[PDB]
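There is one chain below, alone, in structure tokens, taken in the form deposited in one PDB entry.
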């Protein structure tokens, strides 16, 4: 029927892509197939700022300031727990696979800018932040507007109440229109998913062999553990069926895989949280856009594995604690950056630079980095998918502890 059509799009696309690439034809795919996926991506991007704004004004109106504060602190604690596990599994699986058994030849400290990152949460011109697509300051402004609106709707004067209600309905109507449009785009999603996975498989799939296959294997094993261990256990502890959860998350998960953007998947993730998970807008309109920018699980996994791979390729000895400190400094440097393709590759290059390594052409390290860079898309797909999964899990969890989860949705 319509349901699961996306999982067919993905599976069918990946096979076609592999075959096309193996036979030389990845160029034709780039020309003919890929535009359909680019279209899918654009259609979803179009929706990010309107749906995030309107949903959070409405959601933050629907809920008390207090409850919003608890949601903020609960979801941040969740992302700390889950990133700690992601660091663990990055270190473990990287070493189990022993990434980097090939042979090559074989000092920078910068101040912490988090004070300014926090200050930068506050927009100086909210129209500018909407036009530039900066999510976190829009979150801030939407929240304050929602709060203000509900304070005014309880005020005595009818003019203020009627004005506030009109404003809130304008945002409610926009949100509704966006959710409807998301549904329509998701009628198209299978074609887009096919086209995207096809292009990726044809270009970089053929390259996963030998050592790099163990890197890919290693990375994907880490994600797997993060899901079936960290997310499942957390869900069961709080009384959510993790298999039901996964079934409901599937459209968001596959979209995350192919689009390689947490923010670009947001309209889908939010529709899944509303229609499938049964989370109230007061929760997910806040937790989900926030988690799209602060979730550090995929980064911890990527850095743990690729840092080990690089160190071993150049024969540089790396202790588990030294790997841990390096991964942690990369994670701290990464916070606040939303999900974007080719991100972690850049961050890895930075991490290597900051520890005092020669990236000049011809160097061993430049070589190992280029090797990662060439499978980076394959790694990014997995990175984004595990992050969006963790976002849905944490949203659902927080919603449950707040009694904002509709239970009828969870029972066969």
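Think of the rigid core as the biggest set of C-alphas that the two forms share within 1.5 Å after superposition. Positions refer to the first chain, counted from 1.
What follows is about the form deposited in another entry, which we do not show.
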Next item on the list: Have a look at 201, 330, 189, 218 and give me the residue whose C-alpha moves 2 Å or more between the shown form and the other one, with the fit done on the rigid core.
Entry: 330
Item checked: Rigid core superposition, residue 344 Cα moves 2 angstroms or more between the shown form and the other one -> yes
Next item on the list: Determine whether the C-alpha of residue 356 shifts by 2 Å or more between the shown form and the other one once the rigid core is superposed.
Entry: yes
Check: Would you say residue 112 moves its Cα by 2 Å or more between the shown form and the other one, aligning on the core?
Finding: yes
Notebook entry, point to check: Out of closer and farther, which fits the Cα atoms of residue 254 and residue 341 in the other form compared with this form, where the change is 3 Å or more?
Noted result: farther
Margin query: Just to spell it out: taking the C-alpha atom of residue 338 and the C-alpha atom of residue 253, is that distance smaller or larger in the other form than in the structure shown here, given it changes by 3 Å or more?
Written below: farther
